[PDB]
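Given as structure tokens, the chain that follows is alone and in the form deposited without this ligand.
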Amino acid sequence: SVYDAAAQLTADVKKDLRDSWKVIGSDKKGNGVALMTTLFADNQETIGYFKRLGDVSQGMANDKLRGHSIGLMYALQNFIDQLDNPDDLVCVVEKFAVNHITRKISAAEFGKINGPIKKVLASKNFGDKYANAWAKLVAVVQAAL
């Protein structure tokens, strides 16, 4: 269950998540747009799902993409702040899961975000250990998809 996935996040994993978020989460506009643009560059097949945002190749200049990207970073902020209470983490994860279930986004497709996250982390010198920690958090969401 989603609870099982959340309940399994260990102290060391939460530590790595918080330490890396202190940095990547400090510039939500910049890193949020970077995450989205990287997803579009490496997984062009996903561009079609974001038609509401218009021309995503416009990057930072695209106000709709900018607003969406900042919002995405606050969903992550939410997750990070709820790490110590699985009950709360689960209810927020299920909420955002619905936002994607309605768009027909499968657990496998949601996992495509791992590549971009790994790259953004690396740009700030956070290695594989950190990317693995984030993959575990993403897996919590996948448990609800």
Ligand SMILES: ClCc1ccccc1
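Quick note: we count residues from 1 along the sequence shown, nothing fancier.
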### Query
Comparing 21-29 with 5-13, where is the mean C-alpha B-factor higher?
5-13
## Note on the structure
Ranked by mean Cα B-factor in the entry, 106-114 and 47-55, top stretch is 47-55
### Message
Just to confirm, going by the entry's C-alpha B-factors, which of 38, 77, 69, 85 comes out highest?
### Response
85
### Query
When the modelled residues of the chain are sorted by Cα temperature factor, does residue 131 land in the lowest, middle or highest third?
middle
## Note on the structure
Chain-relative C-alpha B factor for residue 81 (record values, thirds): the lowest
### Summary
Temperature factor at the Cα of residue 93, chain-ranked in thirds, falls in the lowest
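The next section is about a form of this same protein that is not shown, the form solved in complex with this ligand.
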#### Entry: Check all three, 76, 117 and 134, heavy atom within 4.5 Å of this ligand in the deposited complex
yes
#### Entry: Interface membership of residue 9, this ligand in the deposited complex, 4.5 Å heavy atom rule
no
### Message
Against this ligand in the deposited complex, would residue 56 count as a contact residue? Criterion: heavy atoms within 4.5 Å.
### Response
no
### Task
Give a yes or no for residue 35: in the deposited complex, does one of its heavy atoms lie within 4.5 Å of a heavy atom belonging to this ligand?
yes
### Query
Taking heavy atoms and a 4.5 Å cut-off, does residue 62 contact this ligand in the deposited complex?
no
### Task
Would you give me the residues of 17-32 that have any heavy atom within 4.5 Å of this ligand in the deposited complex, in order from first to last?
20, 21, 24, 31
